[PDB]
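Below you'll find only one chain, the form deposited without 1H-indazole-3-carbonitrile (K4R), shown as structure tokens.
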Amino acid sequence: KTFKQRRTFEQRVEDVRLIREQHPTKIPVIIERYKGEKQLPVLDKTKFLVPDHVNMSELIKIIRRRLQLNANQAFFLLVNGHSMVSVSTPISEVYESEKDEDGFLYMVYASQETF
């Protein structure tokens, strides 16, 4: 059902290596809806190539637009399984510290802070 369940560790590593070769300025991001989530819709895809200069605040705005949310729908994003300490960090810096061993950066979204 989840990305890590659909693709082998070998397959995920090789896909991150191809993104380094073909899209060297992009961060490879996996974005999934929390398995408990009732309110927010599912995304149209799972794997996102994010420009490495955007900060987490801008990436939250990007995901809100992709989900076509309105002003008063709540949205919380986990990175590497936990809350973001800051939304001001460039995603290139977030990637270096929070990347998975497969080389993806894993994010999960919910309408509650309580995941």
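Note that residue numbering follows the sequence shown and begins at 1.
Unshown form deposited with 1H-indazole-3-carbonitrile (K4R) bound; subsequent notes refer to it.
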property	result
Heavy atom of each of 94, 99 and 105 within 4.5 Å of 1H-indazole-3-carbonitrile (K4R) in the entry with it bound	no
Heavy atom of residue 90 within 4.5 Å of 1H-indazole-3-carbonitrile (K4R) in the entry with it bound	no
In the entry with it bound, residue 66 touching 1H-indazole-3-carbonitrile (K4R) (heavy atom, 4.5 Å)	yes
Residues in 43-77 close to 1H-indazole-3-carbonitrile (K4R) in the entry with it bound, defined by a heavy atom within 4.5 Å, in order	48, 49, 50, 51, 59, 62, 63, 66
